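Peer 1: Shown below is the structure under consideration.
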Amino acid sequence: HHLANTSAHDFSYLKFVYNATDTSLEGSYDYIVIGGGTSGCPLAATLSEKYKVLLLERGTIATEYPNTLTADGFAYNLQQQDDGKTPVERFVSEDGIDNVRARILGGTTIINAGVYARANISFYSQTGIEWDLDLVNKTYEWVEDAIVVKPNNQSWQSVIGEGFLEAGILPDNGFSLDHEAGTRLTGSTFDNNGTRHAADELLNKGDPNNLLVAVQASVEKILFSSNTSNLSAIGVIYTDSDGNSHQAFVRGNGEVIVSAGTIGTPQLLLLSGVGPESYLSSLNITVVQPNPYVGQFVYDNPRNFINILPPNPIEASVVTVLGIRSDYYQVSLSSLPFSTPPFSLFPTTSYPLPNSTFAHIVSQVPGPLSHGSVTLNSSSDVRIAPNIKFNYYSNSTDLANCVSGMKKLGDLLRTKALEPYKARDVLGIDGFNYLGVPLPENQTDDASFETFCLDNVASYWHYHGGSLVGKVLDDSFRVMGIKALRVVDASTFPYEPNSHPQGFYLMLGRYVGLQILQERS
Ligand SMILES: Cc1cc2nc3c(=O)[nH]c(=O)nc-3n(C[C@H](O)[C@H](O)[C@H](O)COP(=O)(O)OP(=O)(O)OC[C@H]3O[C@@H](n4cnc5c(N)ncnc54)[C@H](O)[C@@H]3O)c2cc1C
Ligand SMILES: *[C@@H]1O[C@H](CO)[C@@H](O[C@@H]2O[C@H](CO)[C@@H](O)[C@H](O)[C@H]2NC(C)=O)[C@H](O)[C@H]1NC(C)=O
Ligand SMILES: *[C@@H]1O[C@H](CO)[C@@H](O)[C@H](O)[C@H]1NC(C)=O
Ligand SMILES: *[C@@H]1O[C@H](CO)[C@@H](O)[C@H](O)[C@H]1NC(C)=O
Ligand SMILES: *[C@@H]1O[C@H](CO)[C@@H](O)[C@H](O)[C@H]1NC(C)=O
Ligand SMILES: *[C@@H]1O[C@H](CO)[C@@H](O)[C@H](O)[C@H]1NC(C)=O
Ligand SMILES: *[C@@H]1O[C@H](CO)[C@@H](O)[C@H](O)[C@H]1NC(C)=O
């Protein structure tokens, strides 16, 4: 009933968006939210219902990059070179796996693949947080009313769904937003006219008299009270696009919330002296609050895949059909050929280029159990990306789950559903033409599947952790030991909420905003 309709991207909120060069944005606020992204935008909009809010985003507005605003533009933004101003910031983990993060108002919802899902209902009790489950669901509906649709039919997504069901990914769940075992059509933040809807549009739910947004605002330090006896965050330093510095503060019972993402939040905490004592001391960063876990327990769920090249063209699609098991989450994207690769779609730049249409058939490892860290490259410059290592497949359970997922992709390639897409009508799956590495020969050779998993891993782009609840934060998302400082974004949990987490983190931004308001009343 509540889902959104086909509609233009709503930029009405630009009336309270300003360049960070404007010094009249400096001053005192009730709340400062750092990072105008997936959690940050609904958080800021929610707080602004009652209080004065400054939202600071390092990127510009999405209208500057029109290919972020359509389903057809997804590949373009990844193909585009990173000049330091583009909405996609490229990086390579220390593992050697290419990756991207967002740099734009709206955050990663402006560049992502649009898949919308609610969290696995078991996630809430898994965390042990005392969730208000009725409020969680009302908050999902608030997001979904604004930016989520039921997708129309797409031929390739329907093929893949028939294949998942035939391969035993049961039951058939029809259309459902919920992360449950089986095959389903889920929601999308692309509407059925191809228009991208995103977290920035949730700013339209803020009070235009109370919410201010500064763009091209690079937040480089959190400021703290000089009296440490009662240590509190008091404000931030940020620089504008011309390089000049600015300061903003919170007042009274207000708070600073960091929503700068898995990469940005631990980086800013470390730069600000919140983190592991001997590490920060080794950089001659004065320790404000020692905590061994800042930038620790950083996770990237592996993506493994094969690419088939059908002998007749298939239609490009956005991902809407999901095949879910407890030990693997599977989808498929169909794509036009390209001569410039979308960066990080494949794990390195030396990957073969497709000359015809292809299906990217994908499996995601849950968890994962392997983890690494975010550490500083520069001890002063927040615009220099931190070092990030994920330690893919260091935990053997992850590898075992990849093996299981790849065997299930073999089952999928053997379905009647996928048979019309073979180049040769032979009995085996070698009748497909493959871009890149095909699935290993014999399913009895687990060592061949393990080698395939290890050598051909890519990022699923769903990385998380680095400021975990229970390590850096309490159950109210407050940074332990520091007053008036919280963290709300994907740095907060060590496991996925589901196969596609934007829906959870959109919800979380508003949910924690409501908790902050209730606490204050
Ligand atoms: C290519 C790609 C595709 C994806 N597709 C999907 C999908 O289809 N479905 C799904 O559910 N999930 C998808 N995801 C994952 C999901 O979108 C992200 O996990 C989620 O959006 C992260 O939200 P966040 O609030 O933690 O971070 P973000 O949304 O990235 O927000 C962080 C914001 O903080 C800003 N920032 C950072 N540092 C600073 C600073 N110092 N000062 C000021 N601002 C700062 C950043 O510019 C950014 O806007 C995808 C991810 C990627 C990379
Ligand atoms: C939803 O999340 C729950 C909780 O994490 C997952 O439950 C686990 O399921 C596996 C396989 O059944 C078990 O080995 C674990 O012991 C379960 N843990 C708990 C705490 O129950 C469940 O797999 C997830 N469901 C899906 C479809 O991903
Ligand atoms: C902010 O102003 C500077 C000039 O002072 C300009 O170069 C930059 O593009 C502006 N940014 C936005 C988002 O308007
Ligand atoms: C919340 O919604 C889910 C479906 O997403 C439903 O299964 C669950 O029962 C709801 N919980 C409450 C407390 O209403
Ligand atoms: C830190 O400062 C001390 C001097 O106080 C110096 O000896 C040491 O080399 C410095 N280390 C770094 C990493 O700057
Ligand atoms: C793999 O992860 C699980 C969960 O954290 C842990 O119990 C196990 O010890 C890990 N294995 C290794 C080798 O670290
Ligand atoms: C900074 O990053 C580059 C490339 O990511 C790396 O080669 C270099 O070693 C890093 N430097 C520090 C001091 O971490």
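Each chain of the structure tokens is named A, B, ... in the order shown, its residues numbered from 1; ligands are numbered from 1 in display order.
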Kindly provide the residues of chain A that approach ligand 7 to within 8 Å, each paired with its closest atom pair and their distance in Å to one decimal, based on only C-alpha atoms and all ligand atoms, listed by chain and increasing number, as JSON lines.
Peer 2:
{"residue": "A:91", "atom": "CA", "partner": "ligand 7", "partner_atom_place_in_ligand_line": "5 (O)", "distance": 7.6}
{"residue": "A:92", "atom": "CA", "partner": "ligand 7", "partner_atom_place_in_ligand_line": "5 (O)", "distance": 7.0}
{"residue": "A:93", "atom": "CA", "partner": "ligand 7", "partner_atom_place_in_ligand_line": "5 (O)", "distance": 7.8}
{"residue": "A:94", "atom": "CA", "partner": "ligand 7", "partner_atom_place_in_ligand_line": "5 (O)", "distance": 7.5}
{"residue": "A:375", "atom": "CA", "partner": "ligand 7", "partner_atom_place_in_ligand_line": "14 (O)", "distance": 7.8}
{"residue": "A:376", "atom": "CA", "partner": "ligand 7", "partner_atom_place_in_ligand_line": "14 (O)", "distance": 6.4}
{"residue": "A:377", "atom": "CA", "partner": "ligand 7", "partner_atom_place_in_ligand_line": "14 (O)", "distance": 3.7}
{"residue": "A:378", "atom": "CA", "partner": "ligand 7", "partner_atom_place_in_ligand_line": "13 (C)", "distance": 6.3}
{"residue": "A:385", "atom": "CA", "partner": "ligand 7", "partner_atom_place_in_ligand_line": "2 (O)", "distance": 7.6}
{"residue": "A:386", "atom": "CA", "partner": "ligand 7", "partner_atom_place_in_ligand_line": "1 (C)", "distance": 7.2}
{"residue": "A:387", "atom": "CA", "partner": "ligand 7", "partner_atom_place_in_ligand_line": "2 (O)", "distance": 6.3}
Peer 1: Among the residues of stretch 285-331 of chain A, find those DSSP assigns to strand (DSSP E) from the backbone and print them as a VMD selection string.
Peer 2: chain A and resid 289 to 290 296 to 299 302 to 308 321 to 325 328 to 331
Peer 1: Would you put the residues from that selection into a file with N, CA, C and O atoms, as a PDB file, in the first residue's frame?
Peer 2:
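Now in selection_19.pdb:
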ATOM      1  N   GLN A 289      40.624   9.760  23.599  1.00  0.00           N
ATOM      2  CA  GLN A 289      39.908   8.641  24.188  1.00  0.00           C
ATOM      3  C   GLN A 289      40.512   7.349  23.658  1.00  0.00           C
ATOM      4  O   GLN A 289      40.374   7.049  22.466  1.00  0.00           O
ATOM      5  N   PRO A 290      41.214   6.583  24.488  1.00  0.00           N
ATOM      6  CA  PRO A 290      41.785   5.325  24.006  1.00  0.00           C
ATOM      7  C   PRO A 290      40.691   4.288  23.828  1.00  0.00           C
ATOM      8  O   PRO A 290      39.806   4.137  24.678  1.00  0.00           O
ATOM      9  N   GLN A 296      39.078  -1.298  13.820  1.00  0.00           N
ATOM     10  CA  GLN A 296      39.215  -2.742  13.859  1.00  0.00           C
ATOM     11  C   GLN A 296      37.878  -3.394  13.537  1.00  0.00           C
ATOM     12  O   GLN A 296      36.824  -2.755  13.590  1.00  0.00           O
ATOM     13  N   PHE A 297      37.938  -4.680  13.176  1.00  0.00           N
ATOM     14  CA  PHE A 297      36.740  -5.441  12.805  1.00  0.00           C
ATOM     15  C   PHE A 297      35.992  -4.751  11.661  1.00  0.00           C
ATOM     16  O   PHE A 297      34.812  -4.377  11.764  1.00  0.00           O
ATOM     17  N   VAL A 298      36.723  -4.604  10.558  1.00  0.00           N
ATOM     18  CA  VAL A 298      36.225  -4.079   9.296  1.00  0.00           C
ATOM     19  C   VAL A 298      36.071  -5.262   8.347  1.00  0.00           C
ATOM     20  O   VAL A 298      36.985  -6.089   8.228  1.00  0.00           O
ATOM     21  N   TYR A 299      34.906  -5.360   7.696  1.00  0.00           N
ATOM     22  CA  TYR A 299      34.487  -6.554   6.968  1.00  0.00           C
ATOM     23  C   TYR A 299      34.092  -6.210   5.540  1.00  0.00           C
ATOM     24  O   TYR A 299      33.483  -5.166   5.299  1.00  0.00           O
ATOM     25  N   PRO A 302      32.631 -11.224   0.529  1.00  0.00           N
ATOM     26  CA  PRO A 302      33.127 -11.566  -0.808  1.00  0.00           C
ATOM     27  C   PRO A 302      32.020 -11.662  -1.846  1.00  0.00           C
ATOM     28  O   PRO A 302      30.910 -12.127  -1.569  1.00  0.00           O
ATOM     29  N   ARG A 303      32.357 -11.249  -3.061  1.00  0.00           N
ATOM     30  CA  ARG A 303      31.565 -11.508  -4.252  1.00  0.00           C
ATOM     31  C   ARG A 303      32.343 -12.472  -5.132  1.00  0.00           C
ATOM     32  O   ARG A 303      33.516 -12.231  -5.430  1.00  0.00           O
ATOM     33  N   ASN A 304      31.715 -13.574  -5.513  1.00  0.00           N
ATOM     34  CA  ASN A 304      32.285 -14.439  -6.536  1.00  0.00           C
ATOM     35  C   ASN A 304      31.257 -14.621  -7.641  1.00  0.00           C
ATOM     36  O   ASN A 304      30.056 -14.455  -7.426  1.00  0.00           O
ATOM     37  N   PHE A 305      31.729 -14.962  -8.838  1.00  0.00           N
ATOM     38  CA  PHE A 305      30.880 -14.766 -10.000  1.00  0.00           C
ATOM     39  C   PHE A 305      31.416 -15.554 -11.183  1.00  0.00           C
ATOM     40  O   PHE A 305      32.590 -15.931 -11.225  1.00  0.00           O
ATOM     41  N   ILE A 306      30.525 -15.772 -12.152  1.00  0.00           N
ATOM     42  CA  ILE A 306      30.895 -16.132 -13.515  1.00  0.00           C
ATOM     43  C   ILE A 306      30.115 -15.216 -14.444  1.00  0.00           C
ATOM     44  O   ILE A 306      29.104 -14.625 -14.066  1.00  0.00           O
ATOM     45  N   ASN A 307      30.604 -15.093 -15.677  1.00  0.00           N
ATOM     46  CA  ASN A 307      29.971 -14.269 -16.700  1.00  0.00           C
ATOM     47  C   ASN A 307      29.695 -15.139 -17.912  1.00  0.00           C
ATOM     48  O   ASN A 307      30.629 -15.726 -18.460  1.00  0.00           O
ATOM     49  N   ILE A 308      28.438 -15.206 -18.340  1.00  0.00           N
ATOM     50  CA  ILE A 308      28.113 -15.936 -19.562  1.00  0.00           C
ATOM     51  C   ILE A 308      27.783 -14.952 -20.677  1.00  0.00           C
ATOM     52  O   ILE A 308      27.247 -13.859 -20.452  1.00  0.00           O
ATOM     53  N   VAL A 321      15.772  -9.727  -8.507  1.00  0.00           N
ATOM     54  CA  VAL A 321      15.384 -11.086  -8.146  1.00  0.00           C
ATOM     55  C   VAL A 321      16.526 -11.721  -7.366  1.00  0.00           C
ATOM     56  O   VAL A 321      17.653 -11.828  -7.868  1.00  0.00           O
ATOM     57  N   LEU A 322      16.228 -12.164  -6.145  1.00  0.00           N
ATOM     58  CA  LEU A 322      17.228 -12.640  -5.203  1.00  0.00           C
ATOM     59  C   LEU A 322      16.995 -14.103  -4.865  1.00  0.00           C
ATOM     60  O   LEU A 322      15.857 -14.516  -4.617  1.00  0.00           O
ATOM     61  N   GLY A 323      18.081 -14.873  -4.824  1.00  0.00           N
ATOM     62  CA  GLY A 323      18.025 -16.256  -4.377  1.00  0.00           C
ATOM     63  C   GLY A 323      18.792 -16.407  -3.077  1.00  0.00           C
ATOM     64  O   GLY A 323      20.024 -16.318  -3.060  1.00  0.00           O
ATOM     65  N   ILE A 324      18.070 -16.611  -1.977  1.00  0.00           N
ATOM     66  CA  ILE A 324      18.622 -16.493  -0.632  1.00  0.00           C
ATOM     67  C   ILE A 324      18.655 -17.861   0.029  1.00  0.00           C
ATOM     68  O   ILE A 324      17.622 -18.534   0.126  1.00  0.00           O
ATOM     69  N   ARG A 325      19.831 -18.250   0.503  1.00  0.00           N
ATOM     70  CA  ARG A 325      20.030 -19.305   1.487  1.00  0.00           C
ATOM     71  C   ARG A 325      20.814 -18.731   2.661  1.00  0.00           C
ATOM     72  O   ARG A 325      21.404 -17.650   2.577  1.00  0.00           O
ATOM     73  N   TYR A 328      24.530 -18.485   1.416  1.00  0.00           N
ATOM     74  CA  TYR A 328      24.905 -17.696   0.236  1.00  0.00           C
ATOM     75  C   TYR A 328      23.699 -16.912  -0.264  1.00  0.00           C
ATOM     76  O   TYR A 328      22.559 -17.373  -0.180  1.00  0.00           O
ATOM     77  N   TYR A 329      23.965 -15.712  -0.786  1.00  0.00           N
ATOM     78  CA  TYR A 329      22.942 -14.848  -1.364  1.00  0.00           C
ATOM     79  C   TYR A 329      23.293 -14.596  -2.822  1.00  0.00           C
ATOM     80  O   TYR A 329      24.386 -14.103  -3.113  1.00  0.00           O
ATOM     81  N   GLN A 330      22.376 -14.908  -3.737  1.00  0.00           N
ATOM     82  CA  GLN A 330      22.700 -14.911  -5.165  1.00  0.00           C
ATOM     83  C   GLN A 330      21.781 -14.003  -5.976  1.00  0.00           C
ATOM     84  O   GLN A 330      20.593 -13.865  -5.674  1.00  0.00           O
ATOM     85  N   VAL A 331      22.359 -13.368  -7.001  1.00  0.00           N
ATOM     86  CA  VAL A 331      21.662 -12.468  -7.920  1.00  0.00           C
ATOM     87  C   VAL A 331      22.353 -12.545  -9.274  1.00  0.00           C
ATOM     88  O   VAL A 331      23.416 -13.153  -9.425  1.00  0.00           O
TER      89      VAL A 331
END
Peer 1: At a cut-off of 12 Å and counting only C-alpha atoms and all ligand atoms, what residues surround ligand 4? Please answer as a compact mmCIF listing (two decimals) with C-alpha atoms, in the first residue's frame.
Peer 2:
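Below is the file selection_28.txt, written as the result:
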# COMPACT_ATOMS: atom_id res chain seq x y z
CA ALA A 117 15.46 -5.22 1.30
CA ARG A 118 14.53 -5.16 4.98
CA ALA A 119 16.79 -6.84 7.53
CA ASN A 120 16.55 -10.54 8.28
CA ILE A 121 14.07 -10.59 11.18
CA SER A 122 16.53 -12.66 13.26
CA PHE A 123 19.13 -9.87 13.08
CA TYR A 124 17.54 -7.81 15.86
CA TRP A 131 15.08 -2.67 19.58
CA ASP A 132 11.64 -1.08 19.47
CA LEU A 133 10.45 -3.49 16.78
CA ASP A 134 7.17 -1.69 16.11
CA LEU A 135 9.12 1.53 15.54
CA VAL A 136 11.61 -0.27 13.28
CA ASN A 137 8.75 -1.33 11.03
CA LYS A 138 7.10 2.10 11.02
CA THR A 139 10.48 3.50 10.03
CA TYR A 140 10.93 1.05 7.14
CA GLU A 141 7.51 2.18 5.93
CA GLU A 144 9.58 2.87 1.54
CA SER A 176 8.54 -9.50 -0.82
CA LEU A 177 10.80 -6.92 0.81
CA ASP A 178 11.89 -9.40 3.49
CA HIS A 179 15.21 -11.25 3.67
CA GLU A 180 13.99 -14.85 3.87
CA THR A 186 12.42 -7.55 -3.89
CA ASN A 498 20.61 -9.08 4.90
CA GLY A 503 17.33 -0.50 3.46
CA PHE A 504 18.56 -1.29 6.96
Peer 1: Please give the complete set of residues from stretch 52-223 of chain A that DSSP, run on the backbone, assigns to helix (DSSP H, G or I), formatted as a ChimeraX atom specification.
Peer 2: /A:62-64,66-69,71-79,107-110,123-127,133-147,155-166,199-205
Peer 1: Give the residues close to ligand 6, within 10 Å, counting only C-alpha atoms and all ligand atoms; write them as a PyMOL selection string.
Peer 2: chain A and resi 367-371+393-398+494
Peer 1: Would you please work out which residue, of A:217, A:43, A:78, A:88, is nearest to residue A:62 when using only C-alpha atoms?
Peer 2: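 Closest to residue A:62, using only C-alpha atoms: A:88.
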Peer 1: How would you report the residues lying within 6 Å of ligand 3, as a CSV table (one decimal) with C-alpha atoms, in the first residue's frame, if you count only C-alpha atoms and all ligand atoms?
Peer 2:
chain,number,residue,atom,x,y,z
A,19,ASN,CA,28.3,25.8,-0.3
A,21,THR,CA,32.4,28.4,1.6
A,60,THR,CA,28.6,18.0,-4.1
A,215,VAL,CA,28.1,20.5,0.6
A,216,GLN,CA,31.8,20.2,-0.3
A,241,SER,CA,36.4,23.6,-1.7
A,242,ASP,CA,38.8,26.6,-1.8
Peer 1: For the interface of chain A with ligand 1 (cut-off 7 Å, counting only C-alpha atoms and all ligand atoms), please tabulate each contacting residue of chain A alongside its nearest pair of atoms and their separation in Å to one decimal, rows sorted by chain and increasing number, as CSV.
Peer 2:
residue,atom,partner,partner_atom_place_in_ligand_line,distance
A:34,CA,ligand 1,43 (C),5.5
A:35,CA,ligand 1,34 (O),3.3
A:36,CA,ligand 1,49 (O),4.9
A:37,CA,ligand 1,31 (O),3.3
A:38,CA,ligand 1,25 (O),3.7
A:39,CA,ligand 1,25 (O),4.2
A:40,CA,ligand 1,25 (O),6.0
A:56,CA,ligand 1,43 (C),5.5
A:57,CA,ligand 1,44 (N),3.9
A:58,CA,ligand 1,44 (N),4.0
A:59,CA,ligand 1,47 (O),5.2
A:100,CA,ligand 1,53 (C),5.3
A:101,CA,ligand 1,53 (C),5.1
A:102,CA,ligand 1,30 (O),4.9
A:103,CA,ligand 1,47 (O),3.5
A:104,CA,ligand 1,49 (O),4.8
A:105,CA,ligand 1,49 (O),5.3
A:106,CA,ligand 1,49 (O),5.7
A:107,CA,ligand 1,49 (O),3.3
A:108,CA,ligand 1,29 (O),3.8
A:109,CA,ligand 1,21 (O),5.2
A:111,CA,ligand 1,1 (C),6.1
A:112,CA,ligand 1,3 (C),3.4
A:113,CA,ligand 1,8 (O),3.4
A:114,CA,ligand 1,8 (O),4.0
A:115,CA,ligand 1,8 (O),3.7
A:116,CA,ligand 1,11 (O),5.4
A:117,CA,ligand 1,11 (O),6.5
A:217,CA,ligand 1,43 (C),5.8
A:218,CA,ligand 1,42 (N),4.2
A:219,CA,ligand 1,42 (N),3.8
A:220,CA,ligand 1,41 (N),5.6
A:259,CA,ligand 1,32 (C),5.8
A:260,CA,ligand 1,34 (O),3.5
A:261,CA,ligand 1,26 (O),3.7
A:262,CA,ligand 1,26 (O),5.6
A:264,CA,ligand 1,38 (N),4.1
A:265,CA,ligand 1,38 (N),6.7
A:268,CA,ligand 1,41 (N),6.2
A:382,CA,ligand 1,41 (N),5.9
A:461,CA,ligand 1,53 (C),4.3
A:462,CA,ligand 1,15 (C),4.5
A:463,CA,ligand 1,19 (O),6.1
A:464,CA,ligand 1,19 (O),6.9
A:489,CA,ligand 1,26 (O),3.9
A:490,CA,ligand 1,26 (O),3.7
A:491,CA,ligand 1,26 (O),6.3
A:500,CA,ligand 1,11 (O),3.2
A:501,CA,ligand 1,11 (O),3.8
A:502,CA,ligand 1,11 (O),3.7
A:503,CA,ligand 1,11 (O),5.8
A:505,CA,ligand 1,23 (O),6.2
Peer 1: I'd like the neighbourhood of residue A:428 as number ranges by chain, where a residue qualifies if any of its atoms comes within 12 Å (using only C-alpha atoms), though same-chain residues fewer than 2 positions away should be ignored.
Peer 2: A: 410-411, 413-415, 419, 422-426, 430-433, 439, 441-442
Peer 1: Using only C-alpha atoms and all ligand atoms, which residue out of A:266, A:405, A:182, A:420 lies closest to ligand 2?
Peer 2: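 Looking at the shortest contact to ligand 2, the residue is A:182.
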Peer 1: Using only C-alpha atoms and all ligand atoms, which residue out of A:521, A:391, A:284, A:363 lies closest to ligand 5?
Peer 2: A:284
Peer 1: All residues within 9 Å of ligand 5 are required, counting only C-alpha atoms and all ligand atoms; please report them as a VMD selection string.
Peer 2: chain A and resid 281 to 285
Peer 1: Mind dumping the selected residues with N, CA and C atoms as a PDB file, in the first residue's frame?
Peer 2:
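See part.pdb below for the written result:
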ATOM      1  N   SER A 281      49.660   7.026  19.464  1.00  0.00           N
ATOM      2  CA  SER A 281      50.887   7.588  20.020  1.00  0.00           C
ATOM      3  C   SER A 281      52.049   7.408  19.056  1.00  0.00           C
ATOM      4  N   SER A 282      52.033   6.311  18.323  1.00  0.00           N
ATOM      5  CA  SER A 282      53.129   6.077  17.348  1.00  0.00           C
ATOM      6  C   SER A 282      53.069   7.080  16.197  1.00  0.00           C
ATOM      7  N   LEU A 283      51.924   7.723  15.985  1.00  0.00           N
ATOM      8  CA  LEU A 283      51.805   8.766  14.974  1.00  0.00           C
ATOM      9  C   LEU A 283      51.921  10.164  15.559  1.00  0.00           C
ATOM     10  N   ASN A 284      52.154  10.271  16.868  1.00  0.00           N
ATOM     11  CA  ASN A 284      52.171  11.539  17.594  1.00  0.00           C
ATOM     12  C   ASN A 284      50.842  12.280  17.460  1.00  0.00           C
ATOM     13  N   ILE A 285      49.751  11.518  17.412  1.00  0.00           N
ATOM     14  CA  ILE A 285      48.406  12.062  17.547  1.00  0.00           C
ATOM     15  C   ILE A 285      48.027  11.993  19.019  1.00  0.00           C
TER      16      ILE A 285
END
Peer 1: Which residues come within 10 Å of residue A:247, counting only C-alpha atoms, excluding same-chain residues fewer than 5 positions away, as a short mmCIF file (atom, residue, chain, number, x, y, z; two decimals) with N, CA and C atoms, in the first residue's frame?
Peer 2:
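Saved file out.cif follows:
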data_model
loop_
_atom_site.label_atom_id
_atom_site.label_comp_id
_atom_site.auth_asym_id
_atom_site.auth_seq_id
_atom_site.Cartn_x
_atom_site.Cartn_y
_atom_site.Cartn_z
N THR A 23 30.50 31.30 5.21
CA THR A 23 30.87 31.35 6.63
C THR A 23 29.68 31.57 7.54
N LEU A 25 27.26 29.69 7.75
CA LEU A 25 26.92 28.37 8.28
C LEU A 25 27.66 28.07 9.57
N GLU A 26 28.75 28.78 9.85
CA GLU A 26 29.48 28.57 11.09
C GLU A 26 28.64 29.04 12.26
N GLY A 27 28.81 28.38 13.40
CA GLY A 27 28.09 28.78 14.59
C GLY A 27 27.63 27.57 15.36
N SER A 28 26.62 27.77 16.19
CA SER A 28 26.15 26.75 17.11
C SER A 28 24.85 26.15 16.61
N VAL A 219 35.01 17.35 6.56
CA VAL A 219 35.17 17.42 8.01
C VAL A 219 36.48 16.74 8.37
N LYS A 221 38.24 17.19 11.62
CA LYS A 221 38.48 16.92 13.03
C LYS A 221 37.19 17.09 13.81
N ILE A 222 36.98 16.21 14.78
CA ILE A 222 35.99 16.43 15.83
C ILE A 222 36.67 17.18 16.97
N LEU A 223 36.00 18.21 17.48
CA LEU A 223 36.53 19.04 18.56
C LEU A 223 35.93 18.58 19.88
N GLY A 235 32.07 19.99 18.72
CA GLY A 235 31.94 20.58 17.40
C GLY A 235 32.89 19.92 16.42
N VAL A 236 33.10 20.59 15.28
CA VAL A 236 33.91 20.06 14.19
C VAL A 236 34.67 21.19 13.51
N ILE A 237 35.78 20.82 12.87
CA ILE A 237 36.48 21.65 11.89
C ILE A 237 36.23 21.05 10.52
N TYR A 238 35.86 21.89 9.56
CA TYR A 238 35.70 21.42 8.19
C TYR A 238 36.30 22.44 7.23
N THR A 239 36.75 21.96 6.07
CA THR A 239 37.30 22.86 5.07
C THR A 239 36.40 22.87 3.84
#
Peer 1: List the neighbours of residue A:77 out to 10 Å using only C-alpha atoms; skip same-chain residues closer than 5 positions along the sequence, and give me the result as JSON, numbers by chain.
Peer 2: {"A": [65, 66, 67, 68, 82, 86, 87, 88, 89, 110, 111, 112, 342, 343]}
Peer 1: Could you write those residues out with C-alpha atoms, as a PDB file, in the first residue's frame?
Peer 2:
ATOM      1  CA  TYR A  65      26.501  14.295 -12.155  1.00  0.00           C
ATOM      2  CA  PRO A  66      23.308  13.455 -14.081  1.00  0.00           C
ATOM      3  CA  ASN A  67      24.228   9.818 -14.662  1.00  0.00           C
ATOM      4  CA  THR A  68      23.704   9.197 -10.950  1.00  0.00           C
ATOM      5  CA  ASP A  82      38.188   9.648 -10.241  1.00  0.00           C
ATOM      6  CA  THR A  86      33.327  12.738  -8.828  1.00  0.00           C
ATOM      7  CA  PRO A  87      30.555  10.856  -6.983  1.00  0.00           C
ATOM      8  CA  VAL A  88      32.566   7.599  -7.075  1.00  0.00           C
ATOM      9  CA  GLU A  89      35.855   7.523  -5.164  1.00  0.00           C
ATOM     10  CA  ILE A 110      23.303   7.770  -5.248  1.00  0.00           C
ATOM     11  CA  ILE A 111      25.707   5.283  -6.918  1.00  0.00           C
ATOM     12  CA  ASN A 112      24.516   1.834  -5.865  1.00  0.00           C
ATOM     13  CA  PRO A 342      33.081  -0.072 -14.615  1.00  0.00           C
ATOM     14  CA  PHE A 343      35.771   0.130 -11.956  1.00  0.00           C
TER      15      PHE A 343
END
Peer 1: What's the 7 Å shell around residue A:483, counting only C-alpha atoms, without same-chain residues fewer than 2 positions away, as a ChimeraX atom specification?
Peer 2: /A:231-233,481,485
Peer 1: Just the selected residues (C-alpha atoms), exported as a PDB file, in the first residue's frame, please.
Peer 2:
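Saved file part.pdb follows:
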ATOM      1  CA  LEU A 231      34.941  14.576  28.110  1.00  0.00           C
ATOM      2  CA  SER A 232      32.449  15.656  25.443  1.00  0.00           C
ATOM      3  CA  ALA A 233      32.385  16.314  21.738  1.00  0.00           C
ATOM      4  CA  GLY A 481      33.665   7.293  27.192  1.00  0.00           C
ATOM      5  CA  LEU A 485      29.106  11.837  20.294  1.00  0.00           C
TER       6      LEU A 485
END
